[PDB]
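Chains, contacts and geometry: an overview
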Amino acid sequence: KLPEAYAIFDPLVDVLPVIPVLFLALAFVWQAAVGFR
Amino acid sequence: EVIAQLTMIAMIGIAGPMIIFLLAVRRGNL
Amino acid sequence: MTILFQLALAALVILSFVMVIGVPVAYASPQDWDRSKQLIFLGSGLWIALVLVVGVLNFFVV
Amino acid sequence: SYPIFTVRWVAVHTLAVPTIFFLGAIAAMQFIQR
Amino acid sequence: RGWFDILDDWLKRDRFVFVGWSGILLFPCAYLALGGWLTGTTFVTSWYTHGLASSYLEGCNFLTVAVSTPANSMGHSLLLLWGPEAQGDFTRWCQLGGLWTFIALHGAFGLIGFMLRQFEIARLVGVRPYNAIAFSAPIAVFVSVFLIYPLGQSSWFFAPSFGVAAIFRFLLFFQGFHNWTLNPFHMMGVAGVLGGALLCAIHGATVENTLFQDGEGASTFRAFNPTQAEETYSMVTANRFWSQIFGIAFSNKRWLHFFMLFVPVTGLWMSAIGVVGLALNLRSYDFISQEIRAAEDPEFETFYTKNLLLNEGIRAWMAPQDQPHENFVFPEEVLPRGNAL
Amino acid sequence: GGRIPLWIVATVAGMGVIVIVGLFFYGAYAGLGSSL
Amino acid sequence: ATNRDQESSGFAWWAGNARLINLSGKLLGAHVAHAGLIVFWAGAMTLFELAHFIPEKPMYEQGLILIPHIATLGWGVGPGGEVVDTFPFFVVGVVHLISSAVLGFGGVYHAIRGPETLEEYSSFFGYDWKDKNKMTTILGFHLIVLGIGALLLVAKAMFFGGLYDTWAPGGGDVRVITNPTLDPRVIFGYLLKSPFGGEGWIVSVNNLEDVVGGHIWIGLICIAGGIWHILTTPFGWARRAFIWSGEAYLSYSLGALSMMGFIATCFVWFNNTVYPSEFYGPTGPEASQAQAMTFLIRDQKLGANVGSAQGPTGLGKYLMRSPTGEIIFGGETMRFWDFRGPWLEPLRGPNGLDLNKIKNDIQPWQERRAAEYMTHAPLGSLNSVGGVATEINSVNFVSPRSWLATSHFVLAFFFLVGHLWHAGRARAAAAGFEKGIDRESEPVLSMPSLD
Amino acid sequence: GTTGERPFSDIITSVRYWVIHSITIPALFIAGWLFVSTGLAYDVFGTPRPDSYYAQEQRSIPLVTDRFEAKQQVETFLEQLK
Amino acid sequence: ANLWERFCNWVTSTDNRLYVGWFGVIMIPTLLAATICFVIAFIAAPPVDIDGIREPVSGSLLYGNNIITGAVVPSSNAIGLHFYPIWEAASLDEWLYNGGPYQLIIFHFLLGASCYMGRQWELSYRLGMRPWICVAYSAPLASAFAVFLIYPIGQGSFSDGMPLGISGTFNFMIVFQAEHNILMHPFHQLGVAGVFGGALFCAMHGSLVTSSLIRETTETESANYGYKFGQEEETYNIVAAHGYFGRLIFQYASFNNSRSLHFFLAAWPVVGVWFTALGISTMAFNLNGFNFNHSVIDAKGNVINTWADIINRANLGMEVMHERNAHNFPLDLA
Ligand code: CLA
Ligand code: CLA
Ligand code: CLA
Ligand code: CLA
Ligand SMILES: CC1=C(/C=C/C(C)=C/C=C/C(C)=C/C=C/C=C(C)/C=C/C=C(C)/C=C/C2=C(C)CCCC2(C)C)C(C)(C)CCC1
Ligand SMILES: CC1=C(/C=C/C(C)=C/C=C/C(C)=C/C=C/C=C(C)/C=C/C=C(C)/C=C/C2=C(C)CCCC2(C)C)C(C)(C)CCC1
Ligand SMILES: CC1=C(/C=C/C(C)=C/C=C/C(C)=C/C=C/C=C(C)/C=C/C=C(C)/C=C/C2=C(C)CCCC2(C)C)C(C)(C)CCC1
Ligand SMILES: CC1=C(/C=C/C(C)=C/C=C/C(C)=C/C=C/C=C(C)/C=C/C=C(C)/C=C/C2=C(C)CCCC2(C)C)C(C)(C)CCC1
Ligand SMILES: CCCCCCCCCCCCCCCCCC(=O)O
Ligand code: OEY
Ligand SMILES: [Cl-]
Ligand SMILES: [Cl-]
Ligand SMILES: [Fe+2]
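Definitions and cut-offs
Residues numbered from 1 in each chain as written, not as in the entry; some residues may be left out. Chains lettered and ligands numbered in written order. Part of a larger assembly, values for the part shown. Heavy atoms only, no water. Residues with missing side-chain atoms left out of burial classes, pairs and counts. Patch = residues over 30% accessible without salt bridge, like charges linked within 9 Å, V, L, I, M, F, W, Y side chains within 5 Å. Areas by Shrake-Rupley, 256 points an atom, 1.4 Å probe, with all protein chains shown as cover. Salt bridge = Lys/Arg side-chain N within 4 Å of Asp/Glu carboxyl O. Helix = DSSP H or I, 4+ residues; strand = E, 2+ residues; numbered from the N terminus. Contact = heavy atoms within 4.5 Å. Buried area = accessible area lost by both parts, 1.4 Å probe. Donors = N, O, S within 2.8 Å, 3.2 Å for Na, K, Ca; no water. Buried < 20%, exposed > 50% of the residue type's maximum accessible area, 1.4 Å probe, protein only. Near = heavy atom within 4 Å. Nonpolar A, V, L, I, M, F, W, Y, C, P; charged D, E, K, R; others polar. UniProt positions renumbered as here; feature names shortened; annotations may be inferred. Polar contact = N/O pair within 3.5 Å; in protein donor to acceptor, adjacent residues only side chain to side chain. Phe/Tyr/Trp six-rings, centres within 6.5 Å; stacked < 30°, edge-to-face > 60°. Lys NZ or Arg CZ within 6 Å of the ring centre and 35° of its normal. Core = buried A, V, L, I, M, F, W, Y, C linked by side-chain atoms within 4.5 Å. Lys, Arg positive; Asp, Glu negative; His and termini not counted. Charge placed at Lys NZ, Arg CZ, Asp CG, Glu CD. Axes fitted to C-alpha atoms, helices over the stretch in contact; angles between N-to-C directions. Left-handed = near helix turned anticlockwise from the far one by under 90°. Expected span 1.5 Å × (residues − 1).

Listed as the method for this PDB entry is X-ray crystallography; the listed resolution is 2.00 Å.

Now the structure itself:
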């Protein structure tokens, strides 16, 4: 468990590991915006 | 609870496209 | 000061979210770079201070 | 001046409208408990 | 200009999805085979035919859903909806296996329509129909495996069921009961399929790595014009490379591409023939000389005898559940098992 | 005829399948077919 | 439009990062930003593990790969590997996560806003891929950083609390290392061991003294090599041997990482010293040996004489000889007799397993460990059903040794392909035919016919 | 070339398109959801609910064993669940 | 100049009928050693105690095999992963009994085949070609490493490497399904898409180019004579092939760029076989196929069998029978 002081943040901690893959997906959103020039 | 996780990941998730959207409104350096 | 600790931590979390969006937008919009580079300078120091604050307050709640 | 209803239109809709109906059915199934 | 010629004009209009006369057969049957599979794997059980769950509704996933074969007590019935078993009752039709013959028969006629489409389009455009000819091997496979094989057995029950894991079961059944890996028609089929994958990869890689420099970009795809007259890669350099790497090389571009048609097409045809044999249980199951020696000589062992012991395990451990209509009751003491396991 | 930018419909469509498939993988662990 | 499009840069969007090859500043931001991602994952994942951590369950029942790396360094753990204080896990997590923010800031700054190329801004930070002197200088710097890092592990082991030692008397404990092995005959003798069974090359390192001593040697070797490359330029034989380009340097590192990934794969699978089985679960060899011990113990309790029990094949049911004569566990585990582990070595005499110690000396803690390890063998399904492939659903388990070995084989294999890809291209580009054959001077057309 | 229909990139970026399909797609999805939640899909297809595979104290499967009495057999299995 | 430069020019000569090359210098002796040993062993080797239980399996033609049943048998389980060269044996007779030839053969072959891949890169560099044919060969090469090297490593014994024989291959495949449920593993499912797809696209491309050959011959000659080795113009009308195939499906499901088309032909089977090689290599570390055994249960808790449970019944039969004298303890953990 997190130390009880940080317990209200358990749900945020639960989702942080997936953020690195969002950067990969973000690159594609970006290239669509510029039309894959 | 799980909605707590889902609202977190929804807000984190929309953060990315928003930067593109804003730089495309402002005609930024995409 | 239990509530005060979680206030600094939420402050830190909110500030991070704001600057996660603000810094890339400010960096790529050269129109208002001078207007904005002061704010990223402020937010940056505001951010470091919050880490230190949460860092020391942790030892009074943990 | 393009047509709105074509052979193509029927073709894409013969697949697409059953697909979405089925996805909704399958989505609801994830909440069936035994 | 009769009504027939006017219908012919509209059927052969150049549109986004070409129709043709063959479309009248192809599209109804293909859509209904497809839709029948999606309907059965989403909503329909196999409880009364097989003793199995088989749909998303029952909790199966994409790998374990199936439209399963009808019960063995149906024999080779067409299982028409209006026929004598279901008697027009759609719900009972589903429970008795009617979707299986529904998919299999509309699918057979859909395949006919697709080949007729290849003929029709090739004729209108003015090209040779070698692609229609290549499609006879998938048809050979489908007919031999889904129709001829169960027609020679007791019932449709033993055809493949339409599902991912159901087909894996089919694979393992054919090993344990037919010793199908030992069959030279399957071995030729294997050679044709792996040789086709080999030809596919080696030809694409050879062309991509003997390209001429026809542009200045680092992505080489833009330096090709589909109306250009000239070859885009060097046959001469490709030939020298493979001659010195492998000893021989293609030198005739036409023979090369005919060979790519021939190899996998011939492979599937050979495997179809072996499955027609298995319809009658005419297996290549044993080598008689090996059995005579092994029976007399308890010290003789080869990989052939080892594999039969595996087949014997498959058969006895899987049959009671796989063929529930037989009511096999095998006490533990008769199950073949090695030590400890 | 182009009033909504293509990258936006792409992202929204992409995020929508992500959710549906995610829901399917959730159901692998809950209710019917979870082994529980 | 400084690159950023195919017409100016020559590369399509799907090879767009190749537009950065001669843009040192934007390239720097890419590297620093990526490093932010690595450090970020280290932080978020540790906190995720900690949030899910239950101190009463074994770590290896809980899907943890990073907390076991921290525990191995001697933080948070007491005797037997029992978790005594989770706070260091929290610190490690938080400090990495916070660090990734400043790394991320520096990368986004350099990639978006900063100078696209550094060579005008500073003759120190700018570089040309063909400057063999500047290239070895940067290499020299990073060598020094690496040797320092190796010596940080030495610092931890000798001065800052020690390391977890699965071999320590009484069941394992954190232990300060006071006599590292410096004898180069031992240290470099690992590099000359064969990688085959019973030898295992450097994967066989089985005590913390050799581990700490090897990192003293490597630390000094890297610092000395760094100074060497800073002060020198490559000699003539080296210049004529290599391709000197950005992509070629990339390809050499891809080959190096591939090799390293394959070695790590075998490290986590075979070594139970720097991957303690208390944290990572038993090895495959270990769990298979533990099954034999379990039934030896059970049957011996019932009255069986395990030394004289002939099995069905004629080989001993419980005990047999290896091909060089050592007494070993029988059955199919005969293949695993090279296994060494703290729970089994008390039964070992000079000829292998000792029948007198087997008859009299087996303790309840060894019976417990053998049962625990046999029922936590690294076998299981992709959806984490533990056990052999025919087991029913119930046990939700896949060993971290399986997760770590499989993932790093996949990564090592794909980096070998990357090496081959970029090595071939680097050679072709340096010679000037990476974009295809010149129609007007096709080399083969000037060669004699083969026949 | 073009065979005469409106381009797809055109239609899906158009406001009129999304106006129409902001309703049709969610409606079709809701209809399918209802198809299962009302329990109707069970009765249309004859698929057992989780409580109607077996009778309470039976462990044998209701396999049809006759070709022409089949529909009759299934209905008799069904009435033993009552 | 000097002799060494003369030797280097001959090694790297593009005028040799078969390219030698520096990779060729290692490849030739190792492939020769592996080939000669394999041929002699397949014909004449006495039986091998593959499983270390003193139960020799006869693999060679002279000892009662045919082409389909014969094999070079893997080395004894008693050896495990230990190196067993000829000179570690007390005698050739001992080396034969314990399966020595298998080690000699696979080690020389893996080395020679690795250098075959390098030799492909090397000649491509001497000829001025693009370099990536050898990348395509890395898929079959990786597959061979998986069944001869990786899987023994993960499982701890060369006795579980794939045998060098027709029926031995089948035995390997069946036992693999028993212990890893490889059919339910997505990398193998991707390997099947890779090879089915490759055979499909092989036929498609063959038939489409053949369907659009340009009339260059009369009907009493082979159409193959319409192509002359080295001619500048193409012999088929890709615009016609696109016009046919675009109408068979729809216009954009069809390629009009030859380079894009041929890159697709290379990529699909190569990537597919990478995944299946990676499948064997990770199942070497016992990360097995999906397990849905007893995944569906009813409201009371009765198990409702699916097709996965039927697969498990077959798997169970392979398990209890394979290596019937080799297990003394209830779990088969390697
Ligand atoms: C990341 C680490 C790294 C890298 C990339 C380099 C890269 C380089 N070094 Mg440096 N070096 C390093 C670390 C590194 N070095 C360290 C830490 C030291 C301290 C010992 C040195 C000491 C050093 C010296 C003394 C020299 C170089 C030189 C060179 C250049 C040629 C290298 C070469 O031919 O490869 C290797 C290629 C070979 C043909 C070597 C032999 C290969 C055989 C097959 C290996 C067998 C012997 C092996 C070294 C040990 C066996 C271990 C085995 C059991 C696994 C190259 C620019 C040379 C140069 O030009 O200096 C300016 C040179 O003379 N380096
Ligand atoms: C290309 C179209 C096509 C084809 C080939 C088939 C073929 C088939 N369907 Mg499918 N079906 C179709 C479209 C099609 N269907 C459509 C659109 C639907 C949706 C309503 C269905 C719904 C459906 C169901 C629900 C079922 C089938 C079934 C069947 C099978 C039995 C059909 C049968 O006995 O027909 C009998 C009827 C005829 C052969 C037509 C006779 C034509 C006339 C009477 C000839 C009269 C001669 C006349 C004097 C000559 C005039 C000359 C002219 C110049 C005037 C067969 C495999 C059954 C099945 O699969 O069971 C397993 C089944 O249960 N179909
Ligand atoms: C780890 C992944 C990674 C990284 C670090 C980079 C980095 C880079 N890319 Mg590559 N790229 C990647 C993945 C990556 N790429 C992938 C997967 C693809 C394939 C889709 C590409 C395709 C690609 C192309 C086609 C091109 C690049 C280019 C570039 C460079 C300039 C980017 C630019 O101007 O964007 C401008 C974009 C924006 C201004 C939009 C906002 C971007 C920011 C960084 C979003 C970050 C948000 C983040 C949360 C910030 C908060 C942190 C804060 C708290 C400090 C840059 C160094 C360009 C180049 O080489 O230029 C010469 C170029 O043309 N890349
Ligand atoms: C390998 C990483 C790396 C490299 C080579 C550079 C290189 C450069 N940067 Mg960048 N930068 C980086 C990371 C990096 N930066 C990071 C992480 C950040 C975010 C904090 C920034 C933020 C940044 C800004 C905002 C600016 C630069 C600028 C510059 C230029 C002048 C730098 C200088 O003299 O600093 C001065 C150097 C010192 C005072 C020496 C001490 C600096 C470090 C931080 C001390 C601590 C070292 C640490 C203990 C080592 C281990 C770190 C970690 C692994 C534990 C130069 C091209 C400037 C530029 O390009 O102008 C246009 C500029 O304005 N950088
Ligand atoms: C640490 C932390 C933090 C931070 C965070 C961050 C850093 C974030 C980021 C975020 C991000 C970074 C995100 C992103 C997103 C993305 C997305 C969501 C994407 C999507 C995608 C898609 C959907 C795609 C699509 C497409 C296209 C476009 C084209 C082609 C096709 C396709 C379909 C593929 C915070 C503040 C919270 C606080 C707490 C802690
Ligand atoms: C049988 C029958 C019939 C018919 C029916 C039909 C016609 C139906 C249809 C149906 C349909 C038509 C359906 C559909 C469905 C679909 C679905 C269910 C889908 C899903 C999908 C998905 C889930 C996908 C996704 C993905 C993936 C997975 C990966 C990649 C990405 C993507 C996104 C692609 C009738 C009436 C005659 C009556 C009699 C009987
Ligand atoms: C360039 C580029 C790119 C990339 C980017 C990147 C890669 C970046 C990175 C970035 C990053 C890398 C970021 C970072 C961030 C971080 C953060 C923002 C952090 C925060 C933290 C916090 C806030 C914490 C809190 C806490 C505590 C203190 C305690 C416990 C609880 C918690 C966890 C809540 C892309 C591809 C997109 C596009 C193109 C261009
Ligand atoms: C830490 C430790 C240790 C130690 C370690 C050591 C001490 C290491 C060393 C290492 C080393 C000492 C290594 C080295 C390596 C090397 C290499 C790996 C090489 C490579 C090479 C190359 C790659 C080359 C190639 C080539 C040729 C041959 C010809 C021409 C071309 C070229 C140049 C490309 C021990 C185990 C005790 C224990 C545990 C811990
Ligand atoms: C005793 C039977 C009771 C009758 C119940 C009604 C069942 C009739 C439903 C038939 C729907 C049409 C299916 C066949 C149409 C297609 C045949 C063809 O096109 O060749
Ligand atoms: O699968 Mn079953 O598991 Ca791999 O070992 Mn234990 O038995 Mn034996 O030697 Mn070949 O085989
Ligand atoms: Cl066996
Ligand atoms: Cl055993
Ligand atoms: Fe071709």
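The next point concerns a nonpolar patch on the surface. Nonpolar side chains collect at one region of the surface, where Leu 78, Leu 80, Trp 82, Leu 105, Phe 109, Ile 112, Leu 116 and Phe 119 of chain E lie side by side and expose about 780 Å² of accessible area between them. With respect to the helices and strands, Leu 116 of chain E occurs in helix α5 (residues 98-125).

Counting residues at the interface gives 120 residues for chain I and 113 residues for chain E. In total, chain I and chain E occlude about 10500 Å² of area from one another, counting both sides; carbon and sulfur atoms represent 67% of this. Among the residues chain I hides against chain E, the three largest losses belong to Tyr 244, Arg 259 and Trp 307 of chain I. Together they make up 10% of the total. The interface formed by chain I and chain E includes 4 salt bridges. In this structure, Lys 253 of chain E engages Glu 234 of chain I in a salt bridge whose closest nitrogen and oxygen atoms are separated by 3.2 Å. Listing elements by their share of the side of chain I that touches chain E, those giving two or more residues are α4 (100-126), α5 (133-155), α6 (166-180), α7 (186-211), α8 (238-248), α9 (258-283) and α10 (307-321) of chain I.

Once that is clear, we can look at the coordination of the calcium atom of ligand 10. All names here are of chain I. Protein-derived coordination of the calcium atom of ligand 10 comes from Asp 160 (OD), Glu 179 (OE) and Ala 334 (O), at a distance range of 2.3 to 3.1 Å. In terms of primary sequence, the donors binding the calcium atom of ligand 10 are separated according to D-x18-E-x154-A. In this pair, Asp 160 sits in the loop between α5 and β2 (164-165) while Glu 179 sits in helix α6, placing the two residues 19 residues apart along the sequence. Owing to a relative accessible area of 12%, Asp 160 belongs among the buried residues under this scheme. Residue classification places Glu 179 among the buried residues on the basis of a relative accessible area of 16%.

Our focus in this paragraph is the site of ligand 8. All names here are of chain G. Around ligand 8, the structure places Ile 187, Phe 188, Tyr 190, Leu 191, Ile 202, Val 205, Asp 210, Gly 214, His 215 and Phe 242. Burial of ligand 8 by the protein chains amounts to 43% of its free accessible area of 950 Å². Listed by contribution, the elements that provide at least two residues to the shell around ligand 8 are α7 (189-192) and α8 (208-231). Considered class by class, the residues forming the shell around ligand 8 number 7 nonpolar, 2 polar and 1 charged.

Turning next to helix α14 (residues 364-374) of chain G. An α-helix turns once every 3.6 residues. As a result, residues three or four positions apart point the same way. Where α14 of chain G is concerned, the buried positions are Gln 366, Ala 370, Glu 372, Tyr 373 and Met 374 of chain G. Residues of α14 of chain G that are buried in the fold lie against α11 (277-280) and α12 (284-302) of chain G.

Here we take up the UniProt feature "transmembrane region" in chain D. UniProt annotation of "transmembrane region" refers to residues 7-31 of chain D when read in the numbering used here. Here residues 7-31 of chain D is 92% helix and 0% strand, with 38 Å between the C-alpha atoms at its ends.

What the protein offers the magnesium atom of ligand 2 as a donor is a single atom, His 106 of chain E (NE2), at 2.2 Å. With respect to the helices and strands, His 106 of chain E occurs in helix α5.

The subject of this paragraph is the interface of chain G and chain C. Between chain G and chain C, the residue contacts involve 9 residues of the former and 11 residues of the latter. Contact between chain G and chain C buries roughly 860 Å² in total, counting both sides, with carbon and sulfur atoms accounting for 76%. Considering only the side of chain G, the residues that lose the most area to chain C are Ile 98, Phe 105 and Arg 113 of chain G, jointly responsible for 58% of the buried surface there. Across the contact surface, chain G and chain C share 0 salt bridges. Summed over the shared surface of chain G and chain C, the result is 1 residue pair in polar contact. Grouping the constituent residues of the side of chain G that touches chain C by class yields 8 nonpolar, no polar and 1 charged.

Moving on: the site of ligand 5. Near ligand 5 you find 20 residues, and of these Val 29 of chain A, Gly 13 of chain B, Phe 17 of chain C, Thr 11 of chain F together with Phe 40 of chain G are the closest. Counting residues per element, the ones that place at least two in the shell around ligand 5 are α2 (19-33) of chain A, α1 (2-25) of chain B, α1 (2-28) of chain C together with α1 (6-27) of chain F. Counting residues per element, the shell around ligand 5 draws most heavily on α2 of chain A, which supplies 7 residues. Among the residues forming the shell around ligand 5, the class breakdown is 15 nonpolar, 5 polar and no charged.

Once that is clear, we can look at the UniProt feature "binding site: heme" in chain D. This chain's UniProt record puts "binding site: heme" on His 13 of chain D. For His 13 of chain D, the position within the fold is in helix α1 (residues 7-29). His 13 of chain D gets classed as partly exposed once you look at its relative accessible area, which sits at 24%. Once you skip the residues sitting within four places of it in the chain, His 13 of chain D turns out to touch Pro 18 of chain D together with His 21 of chain H.

Below, the discussion takes up the packing of aromatic side chains. A complete count under the given rule lists 95 aromatic pairs over all chains for this structure. Residues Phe 4 of chain E and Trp 21 of chain E carry aromatic rings whose centres are separated by 4.9 Å and whose planes lie at 25 degrees to one another, so their mutual orientation is stacked. You can see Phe 4 of chain E sitting in helix α1 (residues 3-11) and its partner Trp 21 of chain E sitting in helix α2 (residues 20-43), a full 17 residues away along the chain. An aromatic cluster of at least three residues, connected via ring pairs, comprises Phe 21 and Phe 22 of chain D, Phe 43, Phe 90, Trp 93 and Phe 102 of chain E together with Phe 35 and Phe 45 of chain H. The ring of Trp 75 of chain G carries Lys 156 of chain G above its face, with NZ or CZ at 4.9 Å from the centroid. Across from the ring centre of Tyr 125 of chain I, 5.0 Å away, lies the NZ or CZ of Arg 427 of chain G, which sits over that ring.

A few words on the pattern of salt bridges. Evaluation of the coordinates by the stated rule reveals 33 salt bridges over all chains. With a closest N to O distance of 2.9 Å, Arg 169 of chain E and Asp 322 of chain E form a salt bridge. Placement of the pair is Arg 169 of chain E in helix α8 (residues 164-178) and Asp 322 of chain E in helix α13 (residues 303-322), with a sequence separation of 153 residues. For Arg 169 of chain E, a relative accessible area of 3% translates into the label buried. Close ionic contact of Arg 335 of chain G with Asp 160 of chain I constitutes a salt bridge, the shortest N to O distance being 3.3 Å. With one member in each of two chains, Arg 335 of chain G in the loop between β4 (327-329) and β5 (348-349) and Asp 160 of chain I in the loop between α5 and β2 form a pair that bridges those chains. Each member of the salt-bridge network shares a partner with another, and the members are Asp 89 and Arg 92 of chain E together with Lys 71 and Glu 75 of chain H.

So, on to the nonpolar core. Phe 241 of chain E, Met 59 of chain G together with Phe 148 of chain I are the most contacted members of the largest nonpolar core, which has 125 residues in total. Per-element accounting of this core gives the leading share, 13 residues, to α5 of chain I. Core analysis: the next-biggest nonpolar cluster, separate from the first, contains 88 residues, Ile 103 and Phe 177 of chain E together with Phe 35 and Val 74 of chain H among them.

What follows deals with the arrangement of the chains. A comparison of contact numbers over the 21 pairs of chains in contact places chains E and I at the top. One finds no contact linking chain A with chain D; the least C-alpha distance across the pair is 22 Å.

Further remarks concern unusual backbone geometry. Peptide bonds are, in most cases, trans, and in most cases residues other than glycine have a negative phi. Residues and elements named next belong to chain E. The phi dihedral of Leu 79 is positive, around 55 degrees, even though this residue is not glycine. Within the secondary structure layout, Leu 79 lies in the loop between β1 (66-67) and α4 (90-96). Since its relative accessible area comes to 4%, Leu 79 is described here as buried. Even without being a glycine, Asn 281 presents a positive backbone phi close to 55 degrees.

All right, on to a negative patch on the surface then. A contiguous patch of negative charge, built from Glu 119, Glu 120, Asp 128 and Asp 131 of chain G, is present on the exposed surface. Residue position: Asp 131 of chain G is located in the loop between α4 (87-113) and α5 (132-158).

In this section: the packing of helix α15 (residues 400-431) of chain G against α5 of chain I. Geometrically, a packed helix pair is captured by the angle between its two axes and the distance between the axes. Here α15 of chain G crosses α5 of chain I at 145 degrees, and the two axes come no closer than 11 Å. Crossing angle aside, the handedness with which α15 of chain G passes α5 of chain I is right-handed. Seen from α15 of chain G, the contacting residues are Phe 409, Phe 413, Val 417, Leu 420 and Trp 421 of chain G; seen from α5 of chain I, they are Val 135, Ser 138, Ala 142 and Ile 150 of chain I.

Before going further, it helps to spend a moment on α5 of chain E. Helix length check: α5 of chain E (28 residues) gives 40 Å between terminal C-alpha atoms against 40 Å at 1.5 Å per residue, within 8%. One or two positions beyond α5 of chain E, positive phi appears at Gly 126 of chain E, with a value near 95 degrees.

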